[PDB]
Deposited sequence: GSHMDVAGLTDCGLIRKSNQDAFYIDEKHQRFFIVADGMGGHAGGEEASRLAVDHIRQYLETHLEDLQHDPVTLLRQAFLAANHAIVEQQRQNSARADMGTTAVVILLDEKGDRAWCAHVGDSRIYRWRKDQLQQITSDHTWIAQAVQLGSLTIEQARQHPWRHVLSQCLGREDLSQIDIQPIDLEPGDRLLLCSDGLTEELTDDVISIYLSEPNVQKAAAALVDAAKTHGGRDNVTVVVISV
């Protein structure tokens, strides 16, 4: 199992409010976060650090129930952000997305958890499947529907989140298992990737067996197409 990760300002933004973490020691979990609000940079850093620390501490005890483990990790992160909101008034609106992959000990089942509009994709025998459903008002519209015209981007938002970490009224944390097969790739990415690259283009770059090149190619391609935002990817080869 190989894994690569990469973040980039893009072409327009002056700072990077994304963050990510790869468990390089044991390759059990992987995190991407897309902050908003300077920062923004603080929210996404808090999310990544607290989810990581929570998982590091509680993985041995709770890996049998990863839904509880991941929910408690996200809430740990959420409160750490709110507590830094409750305190600091300038950074009172700060927030972030998060997407997390937690692998089971065996390595053939990946628990996918997210809040926001960063994505987890799985790639398998040239088929790219988006796993997570965007917490945006526009996505959940189409996902009923109607407004099924897509069509969806661009509207006013488009960019507006229906869920993010850093809100006291955080109820929805989406967690779902996916089964893994040798040869799969997992992609975690901020919307800076998917706002520039169609799913067809992404699938092309995830066909590259060398995950370092794949990740580098994905970021390079997102800048070529415009790079209007921070862009972060973690590419896992199963």
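According to the record, C-alpha coordinates are lacking for deposited residues 1-3, 41-42.
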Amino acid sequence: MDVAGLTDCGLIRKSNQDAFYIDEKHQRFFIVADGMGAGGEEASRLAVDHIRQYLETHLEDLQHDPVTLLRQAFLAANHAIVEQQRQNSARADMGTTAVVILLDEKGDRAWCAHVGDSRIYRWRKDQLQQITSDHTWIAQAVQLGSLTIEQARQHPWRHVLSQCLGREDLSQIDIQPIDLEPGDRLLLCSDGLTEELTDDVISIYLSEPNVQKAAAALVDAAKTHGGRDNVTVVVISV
From here on, numbers count along this sequence of modelled residues.
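Among other compared entries that model residues flanking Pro177, every one gives it coordinates, keeping it clear of the one-third cutoff. Checked against the other entries of this protein, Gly37 counts as unresolved in at least one third of those spanning it. Taking the mean C-alpha B-factor of each stretch as recorded, 82-90 and 123-131 are not equal, and the higher mean is that of 82-90. For the pair 142-150 and 68-76, the record assigns the higher mean C-alpha temperature factor to 142-150.
If you compare the C-alpha temperature factors of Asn210, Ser190, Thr57, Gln176 in the entry, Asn210 comes out highest.
Sorting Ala19, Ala217, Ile22, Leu11 by the CA temperature factor given in the entry leaves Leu11 at the top. Sort the modelled residues of the chain by CA B factor and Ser15 lands in the middle third.
Remark: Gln63 belongs to the highest third of its chain, ranked by C-alpha B-factor as recorded. Per-chain ranking of the deposited C-alpha B factor places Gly107 in the highest third. The PDB entry assigns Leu170 a C-alpha temperature factor belonging to the highest third of its chain's modelled residues. Ranked by Cα temperature factor within the chain, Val238 sits in the highest third according to the deposited record.
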